Amino acid sequence: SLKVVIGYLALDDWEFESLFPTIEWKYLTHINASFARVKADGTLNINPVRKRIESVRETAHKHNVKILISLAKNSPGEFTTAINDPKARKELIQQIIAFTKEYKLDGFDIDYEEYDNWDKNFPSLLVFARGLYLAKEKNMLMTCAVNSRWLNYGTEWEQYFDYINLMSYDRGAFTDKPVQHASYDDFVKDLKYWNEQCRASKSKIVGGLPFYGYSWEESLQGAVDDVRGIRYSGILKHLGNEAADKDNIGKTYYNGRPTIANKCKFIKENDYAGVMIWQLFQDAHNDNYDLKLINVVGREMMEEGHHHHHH
Ligand SMILES: N[C@@H]1[C@@H](O)[C@H](O)[C@@H](CO)O[C@H]1O
């Protein structure tokens with residue numbers, strides 16, 4: 001089966017202008033334009049993507065990369081409210097299909113993360129999934145960003161998606177207490193979980209990879225964001241190039257090149273669909289080109305090899 005590399009791209013990222021011209025398209029098969037936000041009434045807040053979606057699509061397509069619009073809650077409870085209301089649900093489904101057609105995208109990605117009353121709300125989420133699947137075009141791609149092991153998705157869910165992107169990161173990282181938010185062991189167990197418990201064929205299961213981490217270091221308390229999150233580019237900037245080949249330095253935990261490489265290796269060695277990346281823009285800049293994580297994924301998943309013309 002064909003391997004994939006699905007990269008998330010935040011279209012309203014502060015570093016967009018500067019970094020967009022550097023996207024390594026040869027190492028990507030799909031990109032998820034980051035978030036048209038779902039509103040309580042089923043309508044979409046497309047402010048984070050409206051200004052660049054068309055331009056991103058033209059570029060992606062020029063490099064034969066598929067582009068999907070990723071959807072997530074506008075604010076807590078809004079995505080749930082939308083799917084729990086019949087008319088708002090039908091409106092939402094029409095908006096997604098319409099946005100996808102209007103901007104000539106290849107599909108859409110569902111990133112539903114309303115954890116309040118998860119089990120109670122799942123039947124309505126399924127009703128939503130079934131609907132989108134029925135309303136979408138046959139050729140339109142339909143993917144989803146999912147959690148593993150800690151939340152049930154049942155065994156029906158899987159069949160409606162071309163690719164299931166496992167968010168194997170942020171594990172136990174929102175308290176004091178430094179932790180590795182994306183360990184190798186958790187990555188492997190998450191993959192197993194979807195194949196053995198959610199009964200999803202390995203052929204559509206894709207392992208998520210983080211191009212960022214967290215730091216509980218006192219010296220970086222202002223460099224990290226809202227939740228102590230820090231980009232790989234930030235990690236190299238403050239911790240030095242030596243950080244590129246480790247998953248931890250002091251109280252800063254992330255995924256260095258060896259681990260990213262090893263996760264990619266596991267994917268290939270066990271015939272999974274491929275890998276996914278949360279935020280391509282978080283990667284190192286060209287000042288550290290050789291230490292870029294996308295190049296590690298590229299060397300593992302999209303290695304051209306030695307070839308010649310006139311075969
Ligand atoms: N014709 C091939 C190219 O397609 C390939 O990209 C290049 C890589 O070095 O080798 C050439 O022989």
Side-chain angles (χ1 to χ4, degrees), residues 6 8-13 30-57 60 66-147 151-167 198 204 276 278-279:
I6 307 178
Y8 270 99
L9 197 70
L11 269 56
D12 62 337
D13 197 293
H30 306 69
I31 56 160
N32 290 335
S34 273
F35 325 132
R37 298 286 185 166
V38 182
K39 305 178 64 174
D41 64 11
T43 67
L44 304 175
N45 163 15
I46 64 178
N47 281 39
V49 304
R50 182 176 65 280
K51 300 176 182 179
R52 291 154 175 167
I53 186 63
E54 284 186 61
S55 184
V56 174
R57 172 193 55 64
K66 302 296 182 184
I67 178 169
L68 300 76
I69 174 59
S70 184
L71 298 115
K73 65 189 174 184
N74 187 57
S75 77
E78 294 204 63
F79 206 151
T80 302
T81 293
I83 66 168
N84 266 38
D85 176 58
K87 50 198 61 181
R89 164 168 51 63
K90 300 177 185 181
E91 177 64 40
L92 176 55
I93 293 176
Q94 305 186 326
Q95 296 242 344
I96 292 173
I97 301 300
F99 185 90
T100 301
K101 285 187 176 184
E102 157 124 300
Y103 290 107
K104 310 183 179 188
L105 312 188
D106 303 290
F108 48 89
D109 176 65
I110 302 301
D111 179 7
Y112 184 84
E113 298 188 42
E114 298 275 40
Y115 307 124
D116 183 53
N117 296 309
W118 179 267
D119 280 17
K120 179 195 296 182
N121 292 304
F122 209 79
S124 56
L125 186 64
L126 275 167
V127 174
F128 176 59
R130 295 163 182 157
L132 269 180
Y133 186 72
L134 306 177
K136 81 179 188 58
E137 224 81 70
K138 188 181 299 177
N139 173 59
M140 260 182 223
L141 291 175
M142 178 165 157
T143 66
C144 62
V146 304
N147 284 295
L151 280 182
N152 297 298
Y153 280 82
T155 68
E156 179 191 339
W157 182 258
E158 163 286 313
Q159 80 189 72
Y160 304 114
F161 305 95
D162 292 286
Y163 295 108
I164 298 182
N165 305 317
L166 279 52
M167 308 186 274
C198 301
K204 67 166 56 171
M276 170 268 284
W278 167 244
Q279 185 72 106

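Numbers here are sequence positions counted from 1.
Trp118 and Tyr153 have perpendicular rings, their planes meeting at more than 60° on a 0 to 90° scale where under 30° would count as parallel. Taking the six-membered ring where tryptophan is involved, the planes of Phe35 and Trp278 are essentially parallel, since the angle between them stays under 30° and well short of 60°.
Taking both residues in full, the closest heavy atoms of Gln279 and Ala10 are given as OE1-CB, 3.1 Å, listed atom of the first, atom of the second, then distance. Taking both residues in full, the closest heavy atoms of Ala82 and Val38 are given as CB-CG1, 4.0 Å, listed atom of the first, atom of the second, then distance. Heavy atoms only, all atoms of each residue included: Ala40 and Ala88 are closest at O-CB, 3.9 Å. The heavy-atom pair separating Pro48 from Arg37 by the smallest distance is CG-CG, 4.4 Å.
No side-chain heavy atom of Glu114 sits less than 4.5 Å from a side-chain heavy atom of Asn121. Side-chain contact between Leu141 and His30 is present, with heavy atoms from C-beta onward closer than 4.5 Å. With contacts defined as side-chain heavy-atom distances shorter than 4.5 Å, the pair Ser34/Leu11 does not qualify. Between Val127 and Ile83 the shortest side-chain heavy-atom distance does not fall below 4.5 Å. Between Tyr163 and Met276 there is no side-chain heavy-atom pair separated by less than 4.5 Å. Between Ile97 and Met140, some side-chain heavy-atom pair lies under the 4.5 Å cut-off. When side chains are defined from C-beta on, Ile53 counts as touching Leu105, because their heavy atoms get closer than 4.5 Å. In this structure, the side chains of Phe128 and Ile96 come closer than 4.5 Å at one or more pairs of heavy atoms.
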Hey, can you pull the donor-acceptor pairs under 3.5 Å for the side chains in residues 66-76, sequence neighbours left out?
| from | atom 1 | to | atom 2 | distance (Å) |
| --- | --- | --- | --- | --- |
| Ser70 | OG | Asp109 | OD2 | 2.9 |
| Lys73 | NZ | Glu113 | O | 3.0 |
| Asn74 | OD1 | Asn45 | ND2 | 2.9 |
| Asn74 | ND2 | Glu78 | OE2 | 3.0 |
| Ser75 | OG | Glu78 | OE2 | 2.6 |

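The closest donor-acceptor contact from the side chain of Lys90 to the backbone of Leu92 lies at 3.5 Å or more, if one exists at all.
Distance check, rounded to the nearest 0.5 Å: CD1 of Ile46 to NZ of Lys39 gives 10.5 Å. Put simply, CZ on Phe161 and CE on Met142 are 4.0 Å apart, with the number rounded to the nearest 0.5 Å. Distance CZ/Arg50 to OH/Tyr103: 7.5 Å, rounded to 0.5 Å. Here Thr80 contributes atom OG1 and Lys120 contributes atom NZ; the two are 11.0 Å apart, rounded to the nearest 0.5 Å. We find the CH2-CZ distance between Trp157 and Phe122 to be 5.0 Å, quoted to the nearest 0.5 Å. Annotation: the span from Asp12 atom CG to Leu9 atom CG amounts to 10.0 Å, rounded to 0.5 Å.
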Test log, rule side chain to side chain contact (heavy atoms under 4.5 Å, CB included), inputs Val146 and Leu166: CA-CA 5 Å; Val146 304; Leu166 279 52; 3.7 Å; yes
Verdict with supporting geometry, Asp162 and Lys204, side chain to side chain contact (heavy atoms under 4.5 Å, CB included): CA-CA 6 Å; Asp162 292 286; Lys204 67 166 56 171; over 6 Å; no
Residues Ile31, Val56; criterion side chain to side chain contact (heavy atoms under 4.5 Å, CB included); working and verdict: CA-CA 10 Å; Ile31 56 160; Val56 174; 3.7 Å; yes
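Looking at residues two or more places apart in sequence or on another chain, you find a side chain to side chain donor-acceptor pair (under 3.5 Å) between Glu156 and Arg130, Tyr160.
Within a 6.0 Å sphere centred on OH of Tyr133, other residues, nucleotides and ligands contribute 12 heavy atoms or fewer.
Of the residues listed (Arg89, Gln95, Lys87), the one engaging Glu91 in a side-chain hydrogen bond (donor to acceptor under 3.5 Å, both in side chains) is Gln95, and it is the only one.
Side-chain contact, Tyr8 with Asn165: no donor N or O sits under 3.5 Å from an acceptor N or O.
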